[PDB]
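Hydrogens, waters and symmetry mates play no part in the numbers below; they use all other heavy atoms, side chains included. Within every chain, numbering begins at 1; the chains are lettered A, B, ... in the order of the sequence lines, protein sequences first and strands thereafter.
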Amino acid sequence: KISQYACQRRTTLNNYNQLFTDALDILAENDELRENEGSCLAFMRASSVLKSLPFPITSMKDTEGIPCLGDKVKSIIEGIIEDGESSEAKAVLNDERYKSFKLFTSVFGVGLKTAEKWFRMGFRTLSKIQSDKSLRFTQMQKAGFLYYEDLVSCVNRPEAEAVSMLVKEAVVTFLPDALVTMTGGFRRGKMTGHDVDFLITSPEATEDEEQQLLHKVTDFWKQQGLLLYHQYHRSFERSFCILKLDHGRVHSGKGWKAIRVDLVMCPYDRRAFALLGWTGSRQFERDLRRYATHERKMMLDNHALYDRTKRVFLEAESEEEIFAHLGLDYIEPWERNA
DNA sequence: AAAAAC
DNA sequence: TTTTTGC
DNA sequence: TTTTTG
DNA sequence: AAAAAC
DNA sequence: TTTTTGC
DNA sequence: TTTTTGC
Ligand SMILES: Nc1ccn([C@H]2CC[C@@H](COP(=O)(O)OP(=O)(O)OP(=O)(O)O)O2)c(=O)n1
Ligand SMILES: [Mg+2]
Ligand code: NA
């Protein structure tokens, strides 16, 4: 009955198995850092499936007929039932390598590789990293260290409501017909988020007006001294930012907060695919594509859906129509929290 | 790690 | 040349 | 056994 | 995209 | 996938 | 490196 695919599941933000999901989330993180990619996904899909249950697990008979729960996962579950916690997860949480990875990757511009690079140099604290004269920091790592306290506290719903107003005012100044949609975790009903994700598309605007808007907005914020960081990408068209949000703009110190803002600019003909692809979650995204490939012999990505059998690209003006192409029951954004 | 011959 | 960062 | 896992 | 040299 | 900066 | 399902 319950599917192994997050796209065939309704997952709201009401998790009755947080005890188990937290333990599986730690063990999947440990395997991601130890590069055991296979095992890492296995715990991520088991953690995901339990978030969809409309009740807490209180016995091993409750695990009956749930997919993705094999011999190992059932062991982690069983241990949490008897001793109230996972010995496995506890041993990981206390590991020197795991502790480093988490502290290091919390800095914006530091991933698994640099975290391991710094660990293989004997670094365990951020004070030691910053104190070092010999170390060479990238432009991103510099902003991550500069605005560390603000970026380590997640973005809340009123702060995201305010940032949405900044984007709206900026975008409409250079493209009045443009449509601005808040994507990511906030579209999915979340109250926290590491950043504020946006999707911008213009129906009337030209190609020239399209390949320049993100520059015109980021330069607009630059002039006002709001642009704390910017990294541009062209292909869709993406701009990763760190913005200065003044407390006065938030509808309820230093007077402002540094906030990560992800702005995607897509062509108006691909907005349904971009909206589905940037809403998330990451697990719903991969299970949608895994379903398309293995169950329907189709190819789904952020810009198009191709049917490999009918040898055609499928058109869609809404997310409703994409689920329909794939033979899936429509899952509203707030039921995509896999 | 758990499926799937994915 | 390959690697690293960001979804 | 090997393959896949967005 | 833009560095950094992992 | 194409800049720049160093080793 | 493990177990399951189904040719
Ligand atoms: N590996 C990833 C990461 C992200 N995304 C998509 C889905 C969500 C969207 C925005 O990504 P995030 O910034 O990571 O935001 P979020 O997942 O919604 O959560 P958070 O609140 O932490 O930003 O990009 C994805 O498909 N695959
Ligand atoms: Mg987000
Ligand atoms: Na990081």
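Taking atom CD of A:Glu295 as the reference point, atom P of D:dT4 lies 16 Å away to the nearest angstrom. To the nearest angstrom, P of D:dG6 lies 13 Å from CG of A:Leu300. Atom CZ of A:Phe137 and atom P of C:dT4 are 17 Å apart (whole Å). A:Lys113 has its NZ atom 10 Å from the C1' atom of C:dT4, to the nearest Å. The separation between A:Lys72 atom NZ and G:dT1 atom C1' is 12 Å, rounded to whole Å. Across the protein-nucleic acid pair, A:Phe236 atom CZ and C:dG6 atom P stand 22 Å apart, rounded to whole Å. Here D:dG6 presents its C1' atom at 16 Å from CZ of A:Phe273, a figure rounded to the nearest Å. A:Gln283 has its CD atom 15 Å from the P atom of B:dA2, to the nearest Å.
For A:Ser318, the side-chain hydrogen bond (donor to acceptor under 3.5 Å, both in side chains) test picks out A:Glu321, with sequence neighbours left out. Not counting sequence neighbours, the partners of A:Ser164 by the side chain to side chain contact (heavy atoms under 4.5 Å, CB included) test are A:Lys168, A:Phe198.
Checking B:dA1, D:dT5, C:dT5 against the side-chain heavy atoms of A:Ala42 singles out B:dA1 as nearest. Of the candidates B:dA1, C:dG6, D:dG6, D:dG6 carries the atom nearest the A:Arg282 side chain, counting heavy atoms from C-beta on. If you check B:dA2, E:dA4, E:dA1 against the side chain of A:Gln139, the one that comes closest is E:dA4. If you check D:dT5, E:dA1, B:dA4 against the side chain of A:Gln4, the one that comes closest is B:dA4. Distances were taken from every side-chain heavy atom of A:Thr114 (C-beta onward) to each of C:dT4, C:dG6, D:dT5; the shortest belongs to C:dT4.
The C1'-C2'-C3'-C4' torsion of F:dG6 is negative, which assigns its sugar to the south, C2'-endo side. Residue note: D:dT1 shows a north-type sugar, the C1'-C2'-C3'-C4' torsion being above zero. A negative value of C1'-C2'-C3'-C4' puts the sugar of D:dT2 in the south, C2'-endo-like family. Sugar pucker annotation for F:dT3: north, assigned from a positive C1'-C2'-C3'-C4' dihedral.
D:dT3 sits 22 Å from G:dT4 when the P atoms are compared, rounded to a whole Å. For the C1' atoms, the distance from F:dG6 to C:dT2 is 15 Å, rounded to whole Å. A gap of 23 Å separates the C1' atoms of D:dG6 and G:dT1, to the nearest Å.
An OP1 or OP2 oxygen of E:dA4 is reached within less than 4.0 angstrom by no side-chain nitrogen or oxygen of A:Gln141. Remark: A:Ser39 is not in phosphate contact with G:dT2, judged by side-chain N or O atoms under 4.0 Å from OP1 or OP2. For the OP1/OP2 pair of D:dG6 and a distance below 4.0 Å, the side-chain nitrogens and oxygens of A:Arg286 include at least one atom meeting the criterion. Within the structure, every side-chain polar atom (N or O) of A:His294 is placed at least 4.0 Å from both OP1 and OP2 of D:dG6.
Within the 3.5 Å criterion, the main-chain N or O of A:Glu315 finds a donor-acceptor partner in the side chain of A:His325. Listed for the A:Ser52 side chain is no donor-acceptor partner under 3.5 Å among the backbone atoms of A:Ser48.
For the ring pair (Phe, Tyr, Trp, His ring centres under 6.0 Å) test with A:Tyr229, the passing option among A:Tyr147, A:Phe145, A:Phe108 is A:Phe108; the others fail.
Between the side chain of A:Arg238 and the base of C:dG6, no donor-acceptor pair of N or O atoms lies under 3.5 Å.
Residues A:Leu135 and A:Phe104 share a single hydrophobic cluster, defined by chaining ILVMFWY side chains whose heavy atoms lie under 4.5 Å apart.
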